[PDB]
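Worksheet for the structure shown next.
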Amino acid sequence: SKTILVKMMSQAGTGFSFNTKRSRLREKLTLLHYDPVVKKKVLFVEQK
Amino acid sequence: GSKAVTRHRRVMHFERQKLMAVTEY
Amino acid sequence: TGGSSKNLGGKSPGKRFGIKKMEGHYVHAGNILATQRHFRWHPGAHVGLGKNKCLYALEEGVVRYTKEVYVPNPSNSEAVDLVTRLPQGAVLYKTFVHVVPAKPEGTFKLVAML
RNA sequence: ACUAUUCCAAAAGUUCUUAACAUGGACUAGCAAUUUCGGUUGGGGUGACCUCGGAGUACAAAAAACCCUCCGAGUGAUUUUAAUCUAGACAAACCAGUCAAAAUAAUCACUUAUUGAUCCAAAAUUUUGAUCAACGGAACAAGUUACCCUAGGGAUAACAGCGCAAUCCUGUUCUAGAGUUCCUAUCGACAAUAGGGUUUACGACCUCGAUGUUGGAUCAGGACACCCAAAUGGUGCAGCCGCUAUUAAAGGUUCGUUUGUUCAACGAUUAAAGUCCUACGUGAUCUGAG
RNA sequence: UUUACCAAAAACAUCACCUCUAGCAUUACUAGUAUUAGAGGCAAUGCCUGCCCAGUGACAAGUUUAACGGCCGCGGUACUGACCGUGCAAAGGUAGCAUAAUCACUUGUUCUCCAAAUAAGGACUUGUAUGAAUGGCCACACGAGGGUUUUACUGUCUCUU
RNA sequence: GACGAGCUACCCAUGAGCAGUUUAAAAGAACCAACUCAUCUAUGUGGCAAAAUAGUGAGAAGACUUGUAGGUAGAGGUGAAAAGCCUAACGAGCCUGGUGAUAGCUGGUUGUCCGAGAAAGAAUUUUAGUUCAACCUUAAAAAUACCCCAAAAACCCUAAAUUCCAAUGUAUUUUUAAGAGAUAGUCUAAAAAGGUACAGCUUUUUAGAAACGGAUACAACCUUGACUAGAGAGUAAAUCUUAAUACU
Ligand SMILES: [Mg+2]
Ligand SMILES: [Mg+2]
Ligand SMILES: [Mg+2]
Ligand SMILES: [Mg+2]
Ligand SMILES: [Mg+2]
Ligand SMILES: [Mg+2]
Ligand SMILES: [Mg+2]
Ligand SMILES: [Mg+2]
Ligand SMILES: [Mg+2]
Ligand SMILES: [Mg+2]
Ligand SMILES: [Mg+2]
Ligand SMILES: [Mg+2]
Ligand SMILES: [Mg+2]
Ligand SMILES: [Mg+2]
Ligand SMILES: [Mg+2]
Ligand SMILES: [Mg+2]
Ligand SMILES: [Mg+2]
Ligand SMILES: [Mg+2]
Ligand SMILES: [Mg+2]
Ligand SMILES: [Mg+2]
Ligand SMILES: [Mg+2]
Ligand SMILES: [Mg+2]
Ligand SMILES: [Mg+2]
Ligand SMILES: [Mg+2]
Ligand SMILES: [Mg+2]
Ligand SMILES: [Mg+2]
Ligand SMILES: [Mg+2]
Ligand SMILES: [Mg+2]
Ligand SMILES: [Mg+2]
Ligand SMILES: [Mg+2]
Ligand SMILES: [Mg+2]
Ligand SMILES: [Mg+2]
Ligand SMILES: [Mg+2]
Ligand SMILES: [Mg+2]
Ligand SMILES: [Mg+2]
Ligand SMILES: [Mg+2]
Ligand SMILES: [Mg+2]
Ligand SMILES: [Mg+2]
Ligand SMILES: [Mg+2]
Ligand SMILES: [Mg+2]
Ligand SMILES: [Mg+2]
Ligand SMILES: [Mg+2]
Ligand SMILES: [Mg+2]
Ligand SMILES: [Mg+2]
Ligand SMILES: [Mg+2]
Ligand SMILES: [Mg+2]
Ligand SMILES: [Mg+2]
Ligand SMILES: [Mg+2]
Ligand SMILES: [Mg+2]
Ligand SMILES: [Mg+2]
Ligand SMILES: [Mg+2]
Ligand SMILES: [Mg+2]
Ligand SMILES: [Mg+2]
Ligand SMILES: [Mg+2]
Ligand SMILES: [Mg+2]
Ligand SMILES: [Mg+2]
Ligand SMILES: [Mg+2]
Ligand SMILES: [Mg+2]
Ligand SMILES: [Mg+2]
Ligand SMILES: [Mg+2]
Ligand SMILES: [Mg+2]
Ligand SMILES: [Mg+2]
Ligand SMILES: [Mg+2]
Ligand SMILES: [Mg+2]
Ligand SMILES: [Mg+2]
Ligand SMILES: [Mg+2]
Ligand SMILES: [Mg+2]
């Protein structure tokens with residue numbers, strides 16, 4: 001099995017997260033994270 | 001150097017031999 | 001002659017675990033008191049516990065060591081059971097570190113008389 | 001590069017061609033260039049290992065070695081997505097590592113180890129790139145040399161010496177046993193304690209601006225742990241032979257066939273045809289078969 | 001024919017036998033022209049030259065070993081194994097010769113040779129690491145090559161003068 | 001980049017030798033001189049000679065020897081391949097340049113007299129070397145430095161002992177600015193490993209040492225620490241001793 005590096009995109013602005021994911025894909029990656037610009041809790045979507 | 005325990009009876013440092021000869025019964 | 005010794009990787013540096021400050025040492029807020037891999041000493045009054053089990057001083061003061069009674073958190077189960085099976089007369093003891101505050105908390109200054 | 005090859009352009013002409021020269025860019029080979037051939041090591045080679053963490057060694061602050069004794073890691077499993085900014089600290093050659101109050105708004109798997117620096121590349125708005133595992137990492141290099149060369153080293157091997165005595169070698173102490181009966185005439189398991197310093201090793205202490213190394217030839221000096229000769233004890237000694245033990249080093253200790261051979265076999269004898277040491281005596285005396 | 005100055009040999013060459021590559025003119029080859037000329041192999045003569053195009057070559061997918069190079073198991077059975085089974089290969093080492101100028105065992109076994117031989121010669125012979133143009137096997141004639149015996153001769157030597 | 005084929009390798013020109021004896025014979029045939037080679041032994045070894053002499057040997061009408069004169073030149077030549085030979089050193093000539101090549105490797109480094117003085121923690125194509133730390137030297141600024149009684153540092157068993165601190169005895173220590181060497185150790189006592197409960201053995205940790213006096217001799221053991229004069233004194237370690245019998 002392998003580990004995939006994925007780049008998450010925020011709904012608003014240029015904020016971008018970088019995190020690791022599993023080959024088998026136990027839990028598909030969708031987050032609630034922190035955006036600096038609006039100073040908010042956000043929904044981050046898995047991207048490349 | 002010889003180990004703490006040996007079978008060849010292990011010559012003593014001279015100051016200790018004097019120490020021995022002094023404390024005899 | 002084949003000289004293979006089958007053992008590998010004995011070599012690590014030591015981690016310098018141990019006690020950094022000693023009883024009756026003066027301390028400033030933030031100093032690491034002792035650093036250990038298992039709990040040898042537990043944090044007492046005014047001593048904070050780091051996630052790696054470091055003990056640092058919370059106040060400005062004098063470090064004191066103590067033998068005290070140990071009453072584990074009801075959330076932590078292992079310790080709860082260890083406390084459970086003891087014969088009915090015995091209590092558990094551990095070693096703690098403490099800081100004894102030196103500076104008073106504050107002062108009242110007269111700013112202006114109107 | 002060159003020598004040849006094959007192709008595309010160029011050049012001339014045709015409406016697709018190449019006579020011999022001959023340039024640009026490729027290709028496919030020959031002949032050929034430039035540069036290297038990691039390290040630890042009880043000498044080097046072969047074998048094994050090279051970073052990271054738990055125990056021991058290292059017993060109670062820290063630290064702490066080996067080709068020391070033992071177990072592990074070059075990631076999984078989740079959910080709760082585990083944020084900014086700054087006092088004080090541990091640790092530490094450096095580089096990297098660690099905790100963390102105030103101020104704003106991750107857990108389980110022994111848990112500790114799950115990891116790679118610059119530069120250079122790709123990416124978008126910000127970041128990802130290594131059995132670089134020789135794991136502080138050379139952007140990319142292997143074999144041989146008895147045809148060899150230089151600089152060094154006794155910091156390190158082969159010869160010899162020295163140390164030690166595992167192995168080897170001489171004694172005694174103990175009697176189970178053999179000896180039909182009988183331990184010790186002749187021996188003697190399991191074992192004890194002294195010695196000798198020739199063997200094969202082990203150390204690497206003198207010598208690498210040289211201590212020339214096997215066997216013979218010649219000439220031998222010494223030990224005695226006697227093979228002969230000389231005195232004797234015991235016998236499972238009637239005598240003849242014997243087999244053991246004690247004391248004795250002035251003198252002896254052969255000639256041949258085959259092997260470079262010491263050893264060994266074999267022929268023939270001798271009172272016997274000793275075991276050793278002396279730089280495995282002795283090459284500024286000799287011989288080199290090895 | 002060779003290591004002028006430590007090696008003249010079993011090394012090299014060579015008659016002979018075979019492979020390749022070439023269809024042509026002014027300075028080589030060559031004033032030549034495929035019975036010729038260049039790269040090579042192996043060494044006369046005699047008897048021979050086994051099977052192998054999968055690899056690497058080289059040639060112009062296919063073809064080639066007188067190219068580089070290779071040429072086997074495991075067990076069952078009449079002490080042995082003609083036979084038998086199954087496996088793998090591109091083929092499964094043949095004709096010879098053999099303890100050898102052939103890893104080791106190893107001073108193989110035995111006969112002849114001597115009073116005695118780890119020498120020499122003859123045989124047996126799985127050599128598990130011989131073997132046929134990197135040639136295999138016999139044979140004249142020839143070696144300042146290596147080995148062994150005999151005759152004869154002698155200061156090599158008994159053992160010196 | 002020059003210079004070298006008067007040696008030797010091979011060629012191209014042009015010359016020259018080979019008697020006798022045997023055989024129908026000039027036949028890479030015999031025998032044996034001249035001539036050519038170099039087998040084997042002994043002399044010689046700063047020789048007569050930077051390869052010889054004496055004996056003894058091979059060949060001696062041929063792939064034979066030999067004279068004069070050309071030719072091929074070092075990334076090359078030539079080679080009946082010995083990696084031979086190419087001017088008394090050829091696995092690649094000699095010379096002059098580059099050139100004071102470059103040597104973590106040897107070897108050397110010159111007057112006198114005084115102060116203070118070092119032993120190996122890291123990384124490293126690193127372990128024959130460097131560069132950091134620690135110790136240290138030369139200046140400066142300061143404040144405490146060693147010693148250190150309770151008190152205190154873990155959980156099963158666990159010794160010698162550490163760590164940490166007032167008092168106290170002393171004068172030392174920290175910072176700042178400059179610097180190097182050193183980083184290839186030996187043995188003795190103690191705790192352990194490995195080996196043979198072996199090494200003048202190897203591997204760490206804690207101490208000591210490197211006298212001109214003792215252990216005769218002596219690097220590490222023991223006594224002592226230090227200057228210059230005295231034809232004074234007191235002492236220190238130390239000189240080497242110890243023994244063993246009957247059964248009626
Ligand atoms: Mg990745
Ligand atoms: Mg450890
Ligand atoms: Mg360590
Ligand atoms: Mg260059
Ligand atoms: Mg190497
Ligand atoms: Mg090495
Ligand atoms: Mg070794
Ligand atoms: Mg050694
Ligand atoms: Mg290896
Ligand atoms: Mg907070
Ligand atoms: Mg990269
Ligand atoms: Mg490295
Ligand atoms: Mg490294
Ligand atoms: Mg490191
Ligand atoms: Mg050779
Ligand atoms: Mg040399
Ligand atoms: Mg040495
Ligand atoms: Mg010698
Ligand atoms: Mg030796
Ligand atoms: Mg000597
Ligand atoms: Mg002994
Ligand atoms: Mg030994
Ligand atoms: Mg040593
Ligand atoms: Mg030497
Ligand atoms: Mg000398
Ligand atoms: Mg004698
Ligand atoms: Mg005697
Ligand atoms: Mg004698
Ligand atoms: Mg000798
Ligand atoms: Mg000799
Ligand atoms: Mg001599
Ligand atoms: Mg010649
Ligand atoms: Mg010669
Ligand atoms: Mg010669
Ligand atoms: Mg030949
Ligand atoms: Mg033809
Ligand atoms: Mg033939
Ligand atoms: Mg064939
Ligand atoms: Mg056959
Ligand atoms: Mg053989
Ligand atoms: Mg064969
Ligand atoms: Mg062939
Ligand atoms: Mg062959
Ligand atoms: Mg003939
Ligand atoms: Mg001849
Ligand atoms: Mg002959
Ligand atoms: Mg000329
Ligand atoms: Mg000439
Ligand atoms: Mg004639
Ligand atoms: Mg003739
Ligand atoms: Mg004569
Ligand atoms: Mg003749
Ligand atoms: Mg002849
Ligand atoms: Mg010639
Ligand atoms: Mg050759
Ligand atoms: Mg050669
Ligand atoms: Mg010359
Ligand atoms: Mg220089
Ligand atoms: Mg490196
Ligand atoms: Mg070095
Ligand atoms: Mg203090
Ligand atoms: Mg050393
Ligand atoms: Mg060093
Ligand atoms: Mg001694
Ligand atoms: Mg010390
Ligand atoms: Mg003296
Ligand atoms: Mg004084």
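Numbering starts fresh at 1 for the residues of each chain in the structure tokens, the chains themselves are lettered A, B, ... in the order given, and ligands are numbered from 1 as they appear.
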Filtered DSSP result for chain B, state alpha helix (DSSP H), as a PyMOL selection string | chain B and resi 14-22
How would the residues just picked look written out with C-alpha atoms as a compact mmCIF listing (two decimals), in the first residue's frame?
# COMPACT_ATOMS: atom_id res chain seq x y z
CA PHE B 14 53.43 -3.77 46.85
CA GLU B 15 51.72 -1.28 49.21
CA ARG B 16 49.03 -3.90 49.76
CA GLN B 17 51.59 -6.62 50.50
CA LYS B 18 53.03 -4.38 53.19
CA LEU B 19 49.43 -3.84 54.37
CA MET B 20 49.16 -7.65 54.67
CA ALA B 21 52.42 -8.22 56.52
CA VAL B 22 51.39 -5.61 59.06
Counting only C-alpha atoms (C1' of nucleotides) and all ligand atoms, name the residues that have an atom within 10 Å of an atom of ligand 64; the answer should be given as an MDAnalysis selection string.
-> (chainID D and resid 163) or (chainID F and resid 199:200)
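What separates atom CA of residue C:44 from atom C1' of residue F:155 is a distance of 17.7 Å.
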Starting from chain C, keep only residues with some atom at most 7 Å from an atom of chain D, counting only C-alpha atoms (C1' of nucleotides), and report them as a list in words.
->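 Within 7 Å of chain D on chain C, we get residues 2, 3, 4, 5, 16, 18, 19, 28, 29, 30, 31, 32, 50, 54 and 58 of chain C.
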Write out the residues from the selection above, keeping N, CA and C atoms, as a PDB file, in the first residue's frame.
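The result, stored in selection35.pdb:
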ATOM      1  N   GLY C   2      34.769 -16.728   9.062  1.00  0.00           N
ATOM      2  CA  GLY C   2      33.604 -15.866   9.066  1.00  0.00           C
ATOM      3  C   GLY C   2      33.372 -15.323  10.462  1.00  0.00           C
ATOM      4  N   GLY C   3      33.427 -14.002  10.559  1.00  0.00           N
ATOM      5  CA  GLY C   3      33.330 -13.298  11.820  1.00  0.00           C
ATOM      6  C   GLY C   3      32.004 -12.599  12.045  1.00  0.00           C
ATOM      7  N   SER C   4      30.929 -13.051  11.406  1.00  0.00           N
ATOM      8  CA  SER C   4      29.667 -12.323  11.529  1.00  0.00           C
ATOM      9  C   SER C   4      29.151 -12.309  12.968  1.00  0.00           C
ATOM     10  N   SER C   5      28.955 -11.106  13.496  1.00  0.00           N
ATOM     11  CA  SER C   5      28.225 -10.928  14.743  1.00  0.00           C
ATOM     12  C   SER C   5      26.834 -10.471  14.337  1.00  0.00           C
ATOM     13  N   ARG C  16      19.736  12.211  27.708  1.00  0.00           N
ATOM     14  CA  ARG C  16      19.919  13.156  28.817  1.00  0.00           C
ATOM     15  C   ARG C  16      18.648  13.354  29.634  1.00  0.00           C
ATOM     16  N   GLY C  18      16.487  13.124  32.979  1.00  0.00           N
ATOM     17  CA  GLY C  18      16.905  13.254  34.360  1.00  0.00           C
ATOM     18  C   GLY C  18      16.414  14.545  34.955  1.00  0.00           C
ATOM     19  N   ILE C  19      16.936  14.895  36.115  1.00  0.00           N
ATOM     20  CA  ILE C  19      16.395  16.025  36.845  1.00  0.00           C
ATOM     21  C   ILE C  19      17.237  17.281  36.579  1.00  0.00           C
ATOM     22  N   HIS C  28      12.634  30.538  37.323  1.00  0.00           N
ATOM     23  CA  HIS C  28      11.815  31.541  36.667  1.00  0.00           C
ATOM     24  C   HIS C  28      10.715  30.829  35.898  1.00  0.00           C
ATOM     25  N   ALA C  29       9.582  31.493  35.722  1.00  0.00           N
ATOM     26  CA  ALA C  29       8.464  30.895  35.010  1.00  0.00           C
ATOM     27  C   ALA C  29       8.906  30.412  33.635  1.00  0.00           C
ATOM     28  N   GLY C  30       8.676  29.135  33.345  1.00  0.00           N
ATOM     29  CA  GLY C  30       9.068  28.556  32.074  1.00  0.00           C
ATOM     30  C   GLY C  30      10.240  27.585  32.069  1.00  0.00           C
ATOM     31  N   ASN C  31      11.072  27.574  33.114  1.00  0.00           N
ATOM     32  CA  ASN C  31      12.182  26.608  33.218  1.00  0.00           C
ATOM     33  C   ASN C  31      11.736  25.165  33.258  1.00  0.00           C
ATOM     34  N   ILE C  32      12.404  24.293  32.520  1.00  0.00           N
ATOM     35  CA  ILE C  32      12.084  22.878  32.616  1.00  0.00           C
ATOM     36  C   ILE C  32      12.686  22.305  33.894  1.00  0.00           C
ATOM     37  N   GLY C  50       4.350  18.724  30.211  1.00  0.00           N
ATOM     38  CA  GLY C  50       4.459  18.809  28.765  1.00  0.00           C
ATOM     39  C   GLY C  50       4.004  17.516  28.124  1.00  0.00           C
ATOM     40  N   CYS C  54       7.539  16.372  30.131  1.00  0.00           N
ATOM     41  CA  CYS C  54       8.433  17.326  30.762  1.00  0.00           C
ATOM     42  C   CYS C  54       7.738  17.992  31.926  1.00  0.00           C
ATOM     43  N   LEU C  58       5.625  26.811  36.513  1.00  0.00           N
ATOM     44  CA  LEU C  58       4.658  27.843  36.156  1.00  0.00           C
ATOM     45  C   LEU C  58       4.856  29.191  36.837  1.00  0.00           C
TER      46      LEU C  58
END
Selection as a ChimeraX atom specification: residues within 12 Å of ligand 63 by only C-alpha atoms (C1' of nucleotides) and all ligand atoms | /D:155 /F:104,120,126-130,182-184
Interface rows for chain A against chain D: nearest pair, Å to one decimal, 10 Å, only C-alpha atoms (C1' of nucleotides), as a Markdown table:
| residue | atom | partner | partner_atom | distance |
| --- | --- | --- | --- | --- |
| A:1 | CA | D:76 | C1' | 9.7 |
| A:5 | CA | D:128 | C1' | 8.8 |
| A:7 | CA | D:127 | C1' | 9.2 |
| A:14 | CA | D:125 | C1' | 6.9 |
| A:15 | CA | D:126 | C1' | 8.0 |
| A:16 | CA | D:126 | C1' | 6.7 |
| A:17 | CA | D:126 | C1' | 8.7 |
| A:18 | CA | D:127 | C1' | 8.4 |
| A:22 | CA | D:76 | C1' | 9.7 |
| A:26 | CA | D:78 | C1' | 8.6 |
| A:27 | CA | D:78 | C1' | 8.7 |
| A:29 | CA | D:81 | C1' | 9.7 |
| A:30 | CA | D:81 | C1' | 9.0 |
| A:31 | CA | D:81 | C1' | 6.1 |
| A:32 | CA | D:81 | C1' | 6.5 |
| A:33 | CA | D:81 | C1' | 6.8 |
| A:34 | CA | D:83 | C1' | 6.5 |
| A:35 | CA | D:83 | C1' | 9.2 |
| A:36 | CA | D:84 | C1' | 8.4 |
| A:39 | CA | D:105 | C1' | 7.6 |
| A:40 | CA | D:105 | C1' | 9.0 |
Could you turn the residues from that selection into a file that holds N, CA and C atoms, as a compact mmCIF listing (two decimals), in the first residue's frame?
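Result saved to selection_2.txt:
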# COMPACT_ATOMS: atom_id res chain seq x y z
N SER A 1 0.82 -1.21 0.00
CA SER A 1 0.00 0.00 0.00
C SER A 1 0.86 1.27 0.00
N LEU A 5 0.11 12.25 -1.34
CA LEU A 5 0.10 13.64 -0.88
C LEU A 5 -0.93 14.45 -1.68
N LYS A 7 -3.38 18.12 -2.02
CA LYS A 7 -3.45 19.55 -1.72
C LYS A 7 -4.91 20.02 -1.63
N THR A 14 -7.11 32.27 -1.44
CA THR A 14 -5.90 31.56 -1.85
C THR A 14 -5.36 30.55 -0.84
N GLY A 15 -6.09 30.33 0.25
CA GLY A 15 -5.66 29.41 1.29
C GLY A 15 -5.59 27.97 0.82
N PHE A 16 -4.42 27.35 0.99
CA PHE A 16 -4.20 25.98 0.52
C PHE A 16 -3.50 25.09 1.55
N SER A 17 -4.11 23.95 1.83
CA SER A 17 -3.61 23.00 2.83
C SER A 17 -2.87 21.86 2.15
N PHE A 18 -1.86 21.29 2.80
CA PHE A 18 -1.18 20.12 2.25
C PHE A 18 -1.17 18.97 3.25
N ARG A 22 -4.41 7.95 2.51
CA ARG A 22 -4.14 6.51 2.49
C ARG A 22 -4.51 5.87 1.14
N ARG A 26 -9.44 4.90 3.59
CA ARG A 26 -10.38 4.69 4.69
C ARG A 26 -11.41 5.83 4.69
N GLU A 27 -10.97 7.06 4.97
CA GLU A 27 -11.86 8.20 5.09
C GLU A 27 -11.50 9.25 4.04
N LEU A 29 -11.09 12.64 2.06
CA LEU A 29 -10.59 13.83 2.73
C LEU A 29 -11.45 15.06 2.47
N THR A 30 -12.15 15.48 3.51
CA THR A 30 -12.90 16.73 3.53
C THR A 30 -12.76 17.29 4.94
N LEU A 31 -12.33 18.54 5.06
CA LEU A 31 -11.95 19.04 6.38
C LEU A 31 -12.73 20.26 6.83
N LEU A 32 -12.66 20.52 8.13
CA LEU A 32 -13.02 21.81 8.68
C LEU A 32 -11.75 22.44 9.26
N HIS A 33 -11.26 23.48 8.59
CA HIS A 33 -9.92 24.02 8.86
C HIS A 33 -9.95 25.52 9.17
N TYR A 34 -8.78 26.14 9.32
CA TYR A 34 -8.72 27.55 9.69
C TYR A 34 -8.18 28.43 8.56
N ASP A 35 -9.01 29.35 8.08
CA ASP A 35 -8.58 30.34 7.08
C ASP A 35 -8.11 31.61 7.79
N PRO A 36 -6.87 32.05 7.50
CA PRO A 36 -6.23 33.25 8.05
C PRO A 36 -6.87 34.59 7.63
N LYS A 39 -10.30 34.90 8.93
CA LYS A 39 -10.16 34.42 10.31
C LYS A 39 -11.32 33.51 10.68
N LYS A 40 -11.52 32.47 9.88
CA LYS A 40 -12.74 31.66 9.97
C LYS A 40 -12.49 30.15 10.03
Residues within 6 Å of ligand 22, counting only C-alpha atoms (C1' of nucleotides) and all ligand atoms: report them as number ranges by chain.
-> D: 164, 202; F: 198
Only C-alpha atoms (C1' of nucleotides), please: the residues just picked out, written as a PDB file, in the first residue's frame.
ATOM      1  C1'   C D 164      51.065 -16.102  26.790  1.00  0.00           C
ATOM      2  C1'   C D 202      46.954 -16.178  19.422  1.00  0.00           C
TER       3        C D 202
ATOM      4  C1'   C F 198      46.285 -16.089  28.158  1.00  0.00           C
TER       5        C F 198
END
Within 10 Å of ligand 25, counting only C-alpha atoms (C1' of nucleotides) and all ligand atoms, which protein or nucleic acid residues do you find, written as a ChimeraX atom specification?
-> /D:207,209-210
Using only C-alpha atoms (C1' of nucleotides), determine which residues lie at most 10 Å from stretch 135-145 of chain F, disregarding the query and same-chain residues fewer than 2 positions distant; provide the list as JSON, numbers by chain.
-> {"F": [116, 117, 118, 147, 171, 172, 173, 174, 175, 176, 177, 178, 179, 180, 181]}
Residues of chain F near chain C: apply a cut-off of 9 Å, count only C-alpha atoms (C1' of nucleotides), and supply the list as a VMD selection string.
-> chain F and resid 151 to 155 163 to 165
Cut-off 10 Å, only C-alpha atoms (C1' of nucleotides) and all ligand atoms, neighbours of ligand 6 as a count of residues only | 6
Identify, counting only C-alpha atoms (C1' of nucleotides) and all ligand atoms, the protein, DNA and RNA residues located within 9 Å of ligand 31, and give them as a PDB file with N, CA and C atoms (P, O5', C5', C4', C3', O3' and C1' of nucleotides), in the first residue's frame.
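Writing done, so here's out01.pdb:
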ATOM      1  P     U D 282      71.367 -20.037  11.547  1.00  0.00           P
ATOM      2  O5'   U D 282      72.831 -20.340  11.004  1.00  0.00           O
ATOM      3  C5'   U D 282      73.967 -19.645  11.495  1.00  0.00           C
ATOM      4  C4'   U D 282      75.227 -20.313  11.018  1.00  0.00           C
ATOM      5  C3'   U D 282      75.327 -20.503   9.516  1.00  0.00           C
ATOM      6  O3'   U D 282      75.835 -19.355   8.883  1.00  0.00           O
ATOM      7  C1'   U D 282      75.893 -22.513  10.613  1.00  0.00           C
ATOM      8  P     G D 283      74.851 -18.391   8.084  1.00  0.00           P
ATOM      9  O5'   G D 283      75.550 -18.258   6.669  1.00  0.00           O
ATOM     10  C5'   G D 283      76.146 -19.368   6.027  1.00  0.00           C
ATOM     11  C4'   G D 283      76.305 -19.047   4.577  1.00  0.00           C
ATOM     12  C3'   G D 283      76.259 -17.561   4.273  1.00  0.00           C
ATOM     13  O3'   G D 283      77.502 -16.925   4.491  1.00  0.00           O
ATOM     14  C1'   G D 283      74.892 -18.758   2.746  1.00  0.00           C
ATOM     15  P     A D 284      77.560 -15.416   5.041  1.00  0.00           P
ATOM     16  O5'   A D 284      79.011 -14.896   4.594  1.00  0.00           O
ATOM     17  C5'   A D 284      79.336 -14.650   3.229  1.00  0.00           C
ATOM     18  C4'   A D 284      80.363 -13.554   3.090  1.00  0.00           C
ATOM     19  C3'   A D 284      81.667 -13.764   3.833  1.00  0.00           C
ATOM     20  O3'   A D 284      82.570 -14.589   3.128  1.00  0.00           O
ATOM     21  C1'   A D 284      80.875 -11.601   4.275  1.00  0.00           C
ATOM     22  P     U D 285      83.709 -15.417   3.909  1.00  0.00           P
ATOM     23  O5'   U D 285      82.889 -16.433   4.824  1.00  0.00           O
ATOM     24  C5'   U D 285      81.833 -17.203   4.272  1.00  0.00           C
ATOM     25  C4'   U D 285      82.372 -18.427   3.593  1.00  0.00           C
ATOM     26  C3'   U D 285      81.401 -19.194   2.712  1.00  0.00           C
ATOM     27  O3'   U D 285      81.262 -18.642   1.408  1.00  0.00           O
ATOM     28  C1'   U D 285      82.444 -20.689   4.175  1.00  0.00           C
TER      29        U D 285
END
